[PDB]
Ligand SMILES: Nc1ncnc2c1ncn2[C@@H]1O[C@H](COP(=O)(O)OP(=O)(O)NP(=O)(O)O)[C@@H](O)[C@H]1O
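Here you get one chain, nothing else, as structure tokens; it is the form deposited without the named molecule.
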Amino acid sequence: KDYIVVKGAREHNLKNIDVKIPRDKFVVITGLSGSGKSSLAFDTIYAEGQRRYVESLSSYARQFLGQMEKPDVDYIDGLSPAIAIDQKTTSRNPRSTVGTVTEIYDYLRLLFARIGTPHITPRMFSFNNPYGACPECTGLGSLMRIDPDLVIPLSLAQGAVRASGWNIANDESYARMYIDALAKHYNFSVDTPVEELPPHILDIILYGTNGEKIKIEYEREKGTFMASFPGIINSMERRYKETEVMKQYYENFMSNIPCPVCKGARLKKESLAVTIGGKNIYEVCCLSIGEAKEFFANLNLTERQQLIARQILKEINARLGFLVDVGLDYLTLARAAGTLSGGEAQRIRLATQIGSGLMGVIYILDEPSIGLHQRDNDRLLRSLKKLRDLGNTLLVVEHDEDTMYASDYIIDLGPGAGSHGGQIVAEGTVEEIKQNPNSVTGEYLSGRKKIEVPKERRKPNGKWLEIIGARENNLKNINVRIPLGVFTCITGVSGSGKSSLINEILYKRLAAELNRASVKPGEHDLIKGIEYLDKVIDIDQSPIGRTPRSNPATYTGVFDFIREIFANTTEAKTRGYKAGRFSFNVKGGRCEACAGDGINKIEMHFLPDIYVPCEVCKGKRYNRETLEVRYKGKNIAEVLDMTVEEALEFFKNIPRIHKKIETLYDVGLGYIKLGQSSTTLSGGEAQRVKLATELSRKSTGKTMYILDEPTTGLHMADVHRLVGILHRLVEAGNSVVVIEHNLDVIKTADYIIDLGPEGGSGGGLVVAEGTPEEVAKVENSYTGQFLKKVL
């Protein structure tokens, strides 16, 4: 009725816990990273609600949506349909923009049709219908095409065509025999240079024969057939239109340009003649949300116009107010939804959900406050509480103190992670958790544990990285200086351009200069001080592997030492074994039946592929003869089965393994097991693995680390550990640059660069620079204002 009773929850590492979540209330789930709160929420409640709603729909719709796996839960009662909002974005299609996603373009079209004065039909203003879409660009506004300068950057035999699937290097490839047939038809030499080729022949080859029929001969068996040359450009365009990695690869060689006729207006030349208050539809859509709302509020109409357009104006004002209160007062209604970050997309989805007014729906949010400045926390909390107040329930998974102080109910898991977590430690109001003596969240909220402000701060040693003439996006031609050898943190409000300035300019230029990559840096003049750097490393939450053949033991490189010490035993020496025998990636020591994968594929008549453990090897991925070899009473499979904490004690007598295992333990991965597949690892686990690998390396003092919000989905203890690890890395001799919005991390940094003073058009500048104490003295700085009370 008024509760969500869950019994027998055993998904992932949950230790058969029973919980009662009050309905129509603000509920937050807390715990350490990997403690199972994310599993308990998403894999149980969201999955059960989505399955219960989908299975009751039409058969075709259910088949299209797929067959969701049934969670390992006894029974759940009082479960309304669940909608999950998380930081995930897709390119999707160019047809969708911010206005269409937020469902305000329809209201704008209705208003323009009803009251717009021509210089009147709602479908005339839409670019998704032939009645309004521009004839040339088909309502897209961007004539995407592949320029000839990129297809042929040398004769054909030297590798002129760099496009995938058109490599004429192979003699028997389709491209080779098509080129041979074309050369036979047009009587030209393939080995002739492209520049020396006649323009007509080159144009015919590039753009095809335009439907002309030619004879093509193919040899395996021999035969002949009649067909036509489609052309490289036409085939690439058709492949692009047929269907995200392939889309990104195709768009890499593309050259986006504005439509020559509509100039990106996406509409016919006659639809733009209708204006409201001196601004047509495109000009209104080009304004930022705040100024558009101000213009709508200040708009003056006659009595008849006000009576005929009251409801549309009220709806537009309400939606714009919701969007502003969410925090996106800098975005434009005409901006493409594809070029949006995860936090911006999540906030837009939240605003749309608030505007829709759906009732009786369980809402689950995964860290809505990440990627958002501290000044917008109150607005975000007010929006969340309004969404709850409209007749819904919230299951936010957050680790922010303000969220705990604003939430009605708090559920805490733990007390550790992995095999030590998965059970509820404490629950109730914030006061009850604060008074609870066995809760980590209560301990960190009551002041028992805290992050201390360092007494001594490092200073630059005379090495600086100067970026000159940065003008990409909203950057107003600013020059910044990043000291080398100290912990540098870059702050600023959302949309100020810090993320672009770092990721798409500094990292790309450093990679091109040092790692010898092939990327296009952002619009800037030059970078000074690169000679002081030897390598650039970027650490993110991307998975460390896409195959089941990768595990942390191999990634950290400790598996080589483990195999060496295994082969150094007397049994392997007497049996003539090698260090490579104890590996599930090379034939000789792996199971032959399962090919070392450990699972087998079974095909059903009317079901997808089902995987079961291999019968002969029992999932140990090794043959019996190899497994007979034991080192100190444990075989290779048992060693792979140990966790990092146990491996620390087991391998304490071998320094070369002990150092790596201790690094893995210190980066907070003491609950993980060496045999875990890299595919099953989460973002935090992958980031910790990368940090451990970086720590295990021998630093030369000329390395730069770039991190983009490393505190995503991290508890207070995790933040403390990450701060300690970053300080250790800085003290090693390298330099660390972090884009952070967390005050706890910010206050421990040695240098702070602030970008503001606003977001969007008003941003792109530099407000404050120096140590946090110096930045706190700047009056016109939000970060300084917050650090004034934080310190």
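Numbering starts at 1 and follows the sequence shown.
Omitted from view is the form solved in complex with the named molecule, to which the following refers.
Of the heavy atoms in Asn461, none are within 4.5 Å of the named molecule in the deposited complex. At the 4.5 Å threshold, heavy atoms of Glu709 reach the named molecule in the deposited complex. Within 4.5 Å of any heavy atom of the named molecule in the deposited complex lies no heavy atom of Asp597.
Proximity of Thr771 to the named molecule in the deposited complex: non-hydrogen atoms within 4.5 Å are absent; the residue sits far from the partner. Looking at 612-620, 511-519, 633-641, 335-343, the stretch with residues near the named molecule in the deposited complex, meaning non-hydrogen atoms within 4.5 angstroms, turns out to be 335-343.
Contact here is defined as any heavy atom lying within 4.5 Å of the named molecule in the deposited complex, and by that definition each of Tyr330, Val493 and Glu685 is a contact residue. With the partner omitted from this view, the residue of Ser288, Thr403, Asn474, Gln353 that lies near the named molecule in the deposited complex is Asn474 [heavy atom within 4.5 Å].
Distance criterion of 4.5 Å from any heavy atom to the named molecule in the deposited complex singles out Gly371 from the list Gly670, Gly442, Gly141, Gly371.
Of the residues in 497-522, those that come within 4.5 Å of the named molecule in the deposited complex through at least one heavy atom are, in sequence order, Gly497, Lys498, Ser499, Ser500.
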